[PDB]
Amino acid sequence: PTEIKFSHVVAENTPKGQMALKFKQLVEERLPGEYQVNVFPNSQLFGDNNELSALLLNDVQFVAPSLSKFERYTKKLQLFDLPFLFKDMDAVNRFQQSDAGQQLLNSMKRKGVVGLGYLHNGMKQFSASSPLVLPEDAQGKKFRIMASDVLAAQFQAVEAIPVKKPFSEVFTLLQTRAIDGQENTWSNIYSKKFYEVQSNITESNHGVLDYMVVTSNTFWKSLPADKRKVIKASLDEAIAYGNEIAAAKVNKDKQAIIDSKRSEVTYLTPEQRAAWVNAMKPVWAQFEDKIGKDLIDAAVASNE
């Protein structure tokens, strides 16, 4: 059988982890003995910094990075890092499924990267070893971020110190107190046990963590059309599965964290939320020329 490799950086019991495993199941059911899919979770094969290079080198055939991690290939996907751009996951999905959103799947083709679909995780929440109620509380704290200039600007706007690090290192950096805080979805905070060493989480919903499932032109073109159709259908169905898992994990993992008693969740008043928005919104003007103001206008419009 022709081997297909799918590599990602998350734990198995997560929306992306389950997506990849479902994709394996469906492909192997439909094309038995023709294609086998080997899934490599937890950065076992490639991690944040080298996965896209590996993809284009055809050392791996599918990856699904955070939309934050594509700056080397397009400046447009930085849109998804803008603070308080999307109110909630309904707006995210409306944007992603619109013409404007769908066009972004093709934003990197001229560089060899084929966009196959969006996959959800969830809204991001701040955590630290001290309460984060107003933006002033972030002053002087070190936060790990995904490798994104927008996210660096986000934390610089509140006089915090952002450090770009691969996802596989975050637990250890929190454990050793090399950083004070981070931002992530409930699913990652829970599945990677960040909550065990973060006494405070704020339900800030201040950005989105979603993915684009991608492959290389090299691999995609190499498939016979009829097999590609089956593989694409299998991928799409796996994505829908992953999205259902993503939605479920928001509530389930938030609850599990609260039940553990290891972390105290803070909820923001409208005026507290407004203070974060006002502190961080200026980041957008920094990036708007490269992202595209019209693209930003489309994203804002998805909130209606």
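Each residue number is its position in the shown sequence, starting from 1.
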Once you work out the mean C-alpha B-factor for both 165-173 and 102-110 from the entry, which is higher? 102-110
Quick one: say whether 224-232 or 148-156 has the higher mean Cα B-factor in the deposited entry. 224-232
Report the option among 116, 189, 92, 197 whose CA atom has the maximum B-factor in the deposited record. 197
Between 66, 260, 61, 243, which carries the biggest CA temperature factor in the record? 260
Would you please rank residue 253 by its C-alpha temperature factor against the other modelled residues of its chain and give the third it falls in: lowest, middle or highest? lowest
For residue 201, the third of its chain into which the C-alpha B factor falls: middle
Looking at the temperature factor on the CA atom of residue 39, which third of the chain's modelled residues does it land in? middle
Residue 137: C-alpha B-factor third of its chain, per the entry, is the highest
So where's residue 185 on the chain's Cα temperature factor ranking, which third? middle
